[PDB]
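Presented as structure tokens, the chain that follows is alone, the form deposited in one PDB entry.
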């Protein structure tokens, strides 16, 4: 059960980054790794929030994919602390904004944009196969690896699917809805979803059939892919494995 638990003494906490802090983890191999330490705002006076925490934690430590963040361990003071690899390049959201500045990253071609999307599709395929729900999929939660590949992490009304807003239901298809909204952030290079539309308007807005509008120089085929993610009936939406292959093929059809 409690194999993932790491001794507090092996950990050094630094300045607050986003509460998520910077840290130095000392490993079994002698060396030290740079980490990020999310402290959970968790409910005590009831062991129910803490039991579900560890249960997911243990399941998360066994996750080993190049497009999914690695849960390096769990520490406890009685505050629970997830330990994660530190990514010097940061979240994909900020990167995208930065890209539209001189002195910041280069102008991103569509090939790299699709490639970001593909990477999230691969991470979400892996999780959907393990029956693990993300629950908070958005571009700001995708981290960039040192080799500039994207992993999903941190597992906001404008990302929630209609059924999840209306009812209390959330499945893999709700995650698929979020993925399209994420797809759209990448194609817009960091726009906020539903410009002009406010948070309390969302439910009635989506209930009338309106969805995220097509970005200007965005391919017809890519909007077709992201739109399939917002079909009213969850069972009408493609799985992450379907989506992964459509993006991989679409990207392959674009020149090198």
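Positions refer to the first chain, counted from 1. The term rigid core refers to the most C-alpha atoms you can superpose between the two forms while keeping them within 1.5 Å.
> At least a third of the other compared entries lacking residue 42?
Yes, a third or more of the compared structures omit it.
> What number of residues from the deposited sequence go unmodelled in the gap from residue 77 to residue 78, classed as none, 1 to 3, 4 to 9, or 10 or more?
Some 4 to 9 residues are missing between them.
> Should the segment between residue 126 and residue 127 be described as having none, 1 to 3, 4 to 9, or 10 or more unmodelled residues of the deposited sequence?
According to the record, the chain runs unbroken from residue 126 to residue 127.
> Should the higher mean CA B-factor in the entry be assigned to 50-58 or to 32-40?
On average, C-alpha B-factors are higher across 50-58.
> When the Cα temperature factors in the entry are averaged, is it 170-178 or 100-108 that ends up higher?
Going by the record's values, the stretch with the higher mean is 100-108.
> Could you say which of 200, 211, 70, 189 has its CA atom at the highest B factor, as listed in the PDB entry?
Highest C-alpha B-factor among the listed options: 200.
> For residue 226, return the chain-relative third of its C-alpha B-factor as stated in the PDB record: lowest, middle or highest.
For residue 226, the deposited C-alpha B-factor lands in the lowest third.
> Is the Cα B-factor recorded for residue 163 in the lowest, middle or highest third of its chain?
Within its chain, residue 163 is a highest-third residue by C-alpha B-factor, going by the deposited values.
> Taking the chain's C-alpha temperature factors as the reference, tell me which third residue 238 falls into: lowest, middle or highest.
Its C-alpha B-factor belongs to the lowest third of this chain's values.
> Of the three thirds of its chain by CA temperature factor, lowest, middle or highest, which one includes residue 81?
Its C-alpha B-factor, which the entry lists for residue 81, ranks in the highest third among residues of this chain.
Same protein, other form: the form deposited in another entry, not shown, and the subject of what follows.
> Only one of 26, 70, 211, 189 crosses a C-alpha shift of 2 angstroms between the shown form and the other one, counting 2 angstroms or more, core aligned. Which residue?
After core superposition, the single residue displaced by 2 Å or more is 26.
> Superpose on the rigid core, then tell me if the C-alpha of residue 220 is displaced by 2 angstroms or more between the shown form and the other one.
Moves: no, less than 2 Å.
> Mind checking the CA-CA distance of residue 136 and residue 46 in the other form? It differs by 3 Å or more from this form, so is it closer or farther?
Relative to this form, closer in the other form.
> Relative to the form shown here, do the C-alpha atoms of residue 138 and residue 49 sit closer together or farther apart in the other form, given a change of 3 Å or more?
Their C-alpha distance grows by at least 3 Å in the other form.
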